[PDB]
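Protein sequences appear in the order of chains F, O, R and K. Take the first sequence: its position 73, counting from 1, is numbered 73 in PDB author numbering, and each next residue is one higher. PDB author numbering runs 1 ahead of the 1-based position in the second sequence. PDB author numbering runs 15 ahead of the 1-based position in the third sequence. PDB author numbering runs 10 ahead of the 1-based position in the fourth sequence. Just so it is clear, CB atoms sit at the ideal spot from N, CA and C, and this is done for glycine as well. What follows is a single structure, written as structure tokens, with notes after it.
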Amino acid sequence: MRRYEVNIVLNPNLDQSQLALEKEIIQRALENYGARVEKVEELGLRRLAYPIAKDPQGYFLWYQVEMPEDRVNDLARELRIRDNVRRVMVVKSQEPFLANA
Amino acid sequence: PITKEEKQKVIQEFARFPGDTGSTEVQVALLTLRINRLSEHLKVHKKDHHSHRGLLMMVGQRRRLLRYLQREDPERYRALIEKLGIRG
Amino acid sequence: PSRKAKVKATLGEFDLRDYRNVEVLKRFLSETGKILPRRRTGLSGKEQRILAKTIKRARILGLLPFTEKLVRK
Amino acid sequence: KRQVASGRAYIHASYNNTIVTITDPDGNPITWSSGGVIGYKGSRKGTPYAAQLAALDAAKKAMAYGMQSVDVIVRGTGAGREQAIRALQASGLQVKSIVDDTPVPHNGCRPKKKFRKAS
RNA sequence: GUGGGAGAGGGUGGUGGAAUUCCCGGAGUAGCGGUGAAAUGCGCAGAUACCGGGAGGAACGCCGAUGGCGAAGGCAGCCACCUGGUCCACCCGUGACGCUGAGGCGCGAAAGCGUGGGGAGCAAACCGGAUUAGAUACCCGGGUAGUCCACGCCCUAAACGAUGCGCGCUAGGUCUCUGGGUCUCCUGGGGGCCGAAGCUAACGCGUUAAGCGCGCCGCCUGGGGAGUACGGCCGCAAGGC
RNA sequence: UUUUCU
Ligand SMILES: [Mg+2]
Ligand SMILES: [Mg+2]
Ligand SMILES: [Mg+2]
Ligand SMILES: [Mg+2]
Ligand SMILES: [Mg+2]
Ligand SMILES: [Mg+2]
Ligand SMILES: [Mg+2]
Ligand SMILES: [Mg+2]
Ligand SMILES: [Mg+2]
Ligand SMILES: [Mg+2]
Ligand SMILES: [Mg+2]
Ligand SMILES: [Mg+2]
Ligand SMILES: [Mg+2]
């Protein structure tokens, strides 16, 4: 397998119920696709550089998983399905390239 | 891709003796491996012509190695093929 | 004369590969969502090539503008 | 008639005319003018003067609506662009800000022969 | 072989934003557009300019280089997967296993062809306006094939470095891309420039040779007739050899 | 704008 970084941005107008709901479908999603969460970050609402789905804000996530490469694509096929999930970018982990360090 | 595992598995698998990394048998084994992964990858992707040139070179290099092998030890030859699956 | 102060100097160490460090990335854009040339970034062939890629990702994650309106004038 | 007080001043400058559309804080056009709206008919239309007049005019009609403050949005390069701007700066309107917002493709449609060849 | 590295190399899927066009809604009104001037054209069934929403096609701005990758054709939004080549380090393994290559096989820009699909923008032909002594043109308004996708053909080119491939040998200087080291220098791979010797009709070339040498392939033998005629092979055709 | 021949 390999180390991936799953970024997800969803509807910033979700109530604690709705918000915790999508995070559930996400969790099952990752699961049903052999994605083992190594660690997670949740910055929450952030100011977008430009509207995304008419909305001027976004609720960001960040699940660093470890799963089968042969399914990363399929994993996102699913994640993008959620109507509130308006952005899914799965990136291969990469050693940070310092600079002016 | 061929992982370090899968690879060295083959290396030892064909090595002439402890520590044999590049003998005709090993080399031919490794090439055969790649040729198969690649030949496979091209069953799908009939249009990846660039990789196909890779395959063409790989096959050639194998042909040469064997040609030499048979020339030298015709027995090790018959052995290698059979063991592998070449000439087919 | 592209000699004010390369965005590099005016900045501590950082991971050019970080597609979320907006606060830092923002620095490499102009008065528009445009990526500064090297005379500006003060980066280097290899670095700049990364910066760019990174910047694009941020762009997509609605974290960095693709373009901005020019003021003054 | 509605009385808008403050609004936007879109300047569509170009190598062929220049046209001004004053608008409300929501973008809905109040009044507009242009080289043609004024006397001018053809070539003369794109001159920087035909722009000054079109600007002041568009501005006047804007005053009558109650306009006093405006935000300028320049679009396109063309004679009469920076003129239109000065025409406005004057007038009975106050120019709050100036912004260049000309549209530029991130390379999408093939231009007609007239404009091909570059890069 | 082990351990590193850079890359618009390739194939599949997905996906992002800017712009054009069209559509719907708003607000607004008399022109817009176009040129050397104009006119055709579009607009009061309300165009242009401005805001909001939708659809669709095609191409990816900055980064971008005097840069990189590939055998060539040629390749640049972003993501994942699949996949070729290549450089460096260690000196670990095989032990001359090498070079070239008639024929064959494959690849091969654009246009072009067949089947199906798609079609925003552009636009041979074509339909108009204008310019002109004329204008089967250059300029302007429209516009079909096509440009796009898939599958199958075609195989050409200023397919150019107008420079076949491989190896060895022959001052340096300077810039640059990528790797290593005891890293203001040294060492390797690549891209440029100036130049030793030398070569060249000259222009110029000059460790990225067009220098000095060996191996193998391809090709030339005054111009026109003519890349024609004939024959053959190939192609659906155009037409190619 | 265009703008032949000798
Ligand atoms: Mg590789
Ligand atoms: Mg040894
Ligand atoms: Mg020995
Ligand atoms: Mg074509
Ligand atoms: Mg066709
Ligand atoms: Mg047209
Ligand atoms: Mg035309
Ligand atoms: Mg072709
Ligand atoms: Mg060099
Ligand atoms: Mg000399
Ligand atoms: Mg020289
Ligand atoms: Mg003769
Ligand atoms: Mg026939």
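Beta carbon proximity, residue i to chain R, threshold 7 Å
i, result
"residue 8(F)", "no"
"residue 12(F)", "no"
"residue 96(F)", "yes"
"residue 26(F)", "no"
"residue 21(K)", "no"
"residue 133(K)", "Past the boundaries of the shown model lies residue 133(K); chain K is included only from 11 to 129, so the question cannot be answered."
"residue 32(K)", "no"
"residue 108(K)", "yes"
Beta carbon proximity, residue i to chain K, threshold 7 Å
i, result
"residue 44(R)", "no"
"residue 79(R)", "no"
Under 7 Å between C-beta atoms of residue i and residue j
i, j, result
"residue 107(K)", "residue 81(K)", "yes"
"residue 17(R)", "residue 53(R)", "no"
"residue 81(O)", "residue 33(O)", "no"
"residue 78(F)", "residue 29(F)", "yes"
"residue 112(K)", "residue 85(K)", "yes"
"residue 65(K)", "residue 14(K)", "no"
"residue 65(R)", "residue 44(R)", "no"
"residue 21(O)", "residue 29(O)", "no"
"residue 26(R)", "residue 73(R)", "no"
"residue 88(F)", "residue 63(F)", "no"
"residue 18(K)", "residue 33(K)", "yes"
"residue 20(K)", "residue 88(K)", "no"
"residue 60(K)", "residue 103(K)", "no"
"residue 57(F)", "residue 43(F)", "no"
"residue 52(F)", "residue 86(F)", "yes"
"residue 59(O)", "residue 35(O)", "yes"
"residue 57(R)", "residue 19(R)", "no"
For residue i, three-class secondary structure by DSSP
i, result
"residue 32(K)", "strand"
"residue 29(R)", "coil"
"residue 8(F)", "strand"
"residue 44(R)", "strand"
"residue 79(O)", "helix"
"residue 85(R)", "strand"
"residue 19(K)", "strand"
"residue 92(F)", "strand"
"residue 11(O)", "helix"
"residue 50(R)", "strand"
"residue 61(R)", "helix"
"residue 86(F)", "strand"
"residue 126(K)", "coil"
"residue 86(O)", "coil"
"residue 118(K)", "coil"
"residue 60(O)", "helix"
"residue 55(O)", "helix"
"residue 39(F)", "strand"
"residue 65(O)", "helix"
"residue 72(O)", "helix"
"residue 28(F)", "helix"
Any C-beta of chain F under 7 Å from that of residue i
i, result
"residue 76(R)", "yes"
Cβ-based contacts, 8 Å cut-off: residues of the segment 44-72 of chain R near chain K: Residues: none.
What ranges does the alpha helix (DSSP H) occupy inside the segment 41-115 of chain K, keeping only unbroken runs of at least 4 residues that lie completely in it? Whole alpha helix (DSSP H) segments, 4+ residues: 59-73, 91-99.
Please name the residues in the segment 17-41 of chain R whose beta-carbon is closer than 7 Å to at least one beta-carbon of chain K, in chain order. none
By the 9 Å beta-carbon criterion, what residues does the segment 67-86 of chain K contribute toward chain R? Listed in sequence order: 82, 83, 84.
Alpha helix (DSSP H) segments (min. 4 residues) lying fully within the segment 46-82 of chain F: Runs found: 72-79.
When you check each C-beta in the segment 49-71 of chain F against every C-beta of chain R, which residues fall closer than 7 Å? 49, 50, 52, 58
Taking a Cβ distance cut-off of 8 Å, strictly less, list which residues of the segment 76-100 of chain F are near chain R, in chain order. 87, 89, 91, 94, 95, 96, 97, 98, 99, 100
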